[PDB]
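Before any questions on how it binds or moves, here is one chain, the form deposited in one PDB entry, in C-alpha cells.
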C-alpha cells in the first residue's frame, strides 16, 4: 500500500476566472478522486494541506500552513467536510474561517510535508506529493528562500519521495523553465502536460499520473525454442463489479470469520481431500478419478507465449470477439536486450500491416488458447495525454466450438428511396462518442444508498440514469421524418 499528499495554494489569484476559479476547480477534482478511490476499495492514504494560509495549523507550528486532513484512508465524514468548501459559498466560507493570500516559505511547506510522511504508521511503499498552483517562480523576489528550498527539495529527492506539479491556467501563460523544473521529481524520456483550463483535463492528468502499474503476469514470449524475450501483461480495461457483502456480528458490529468444514455424514470426522474421489457417470457407468489426475490431464506446454507465425490484419474478422483484449509490453528487468527486439518487431510489423499469432498459456496447468498480437502505435492528444500506449494488443480468437449456427432466413432488399430517407434520419441523429461518456447506473445508485446510511441522512439521492435516450429532443430533431418514413415503408395495416 502507498501514500499521497496534495498541496494547495492560498494566493489571491486562485479565486479569479465563464470558467471556474482554479481553487474550486481543485476542490472538485479532489472530490472526484476521493470518490474514485472509494469506488475502487483501494487502501491508499490521502491527505490535504494548504500554504500561504492566513490562519495556520500543523504539527511543527510553522506559519501560513494548514493541514486539513492527515494521512489516512478515505472516509464519508472526510469527503463531507471537504465538500463544505465547494462553489462560491464554500469559497466565501473558507476565506471567512481561514482567510487567504499570506506570505510563506515553500522550504517549510516541503519540510512539513516530509514530517507527514515521517508520521505514517506501517510503512507505505511509495510516497508521493502533488502540487496545485498557477504561480510560476513564487520566490523570484527572494533567492535565499529559493536556494534553501532547492536545497531542501534535493534532500527530499535523495529521500526518494516523488513530487510533481499540476500547473493550472495562468494569464500570460505558465512557464516551467522559470521555476519548479529544477525541483520536481524527473523521469527519463521532457515532454509534459500543458497548463489545465478545464476540470475534465485536470482530472485526466492527475488520474493518469496517480496510479502505479501492477503487472498481471511476467511471461516469456518465445520466437522459437532458442530466442525468448521477457514481457509484461496488463489488462488496461477490467470489468467493474459490485463489491461482495461481508458477514457481520449483530451485537458488536464487528466483522466475523467464516470457515468451511467437510465431514462424513455418518462419522462426522473431518475429511481430507485424500479421503474422497472425483467421479462422473457417462453412458450407464460410473468412472472414478483422482484430484491429482484431474489436475494433470489439464497440462499443456508451460506458462508463456509461443509464436506460431504472422498473418495480415484484414483476415481478423471484426465480429469474432470472445473476451476483453490484453496489452503487452517489454519487461527488461528479467532479460536484458528484450526491448530492442520488441521495438524492432513493433516497427517492422507496423510498416508491413501484419499481426503475429501465438499459442497462449496464462498460468500453470491451463489448456492453451490462440491469440493474435496486433501492433498499436503511440498516440498523444493535444494536451500530451497518452491516449493509446505503444505495444501489441493481445486479441483472443475463438475455437470451432464457440460458433453457434443461425436459423435460415430469406433475403429482402430495401429500395434506394427507403435507404435515402433512412440516411437523412441517421444524419439527423448523429452525435460524437467517447468511452468516458457513460456511468454504470447500478453502481451509481448503490453507493448513493450506502452514503445516505453512512451519513445517517437516510433518504438517498436518486441518481439520473444517463444511459436512457433523450426521447423528446430526438423526436423534435426528427420532426416529420418518422411519419414520412412510416407512411412510405409500412403498409396501411400494422
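Residue numbers count along the first chain shown, from 1.
Missing here is the form deposited in another entry; even so, the following discussion is about that form.
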At the hinge between the two rigid parts, which of 242, 101, 205, 32 do we find when the chain moves between this form and the one not shown?
205
Comparison of CA distance in that other deposited form with shown form for residue 442, residue 208, at least 3 Å:
closer
Report the direction of the Cα distance change between residue 210 and residue 382 in that other deposited form, compared with the displayed form, as closer or farther; the change is 3 Å or more.
farther
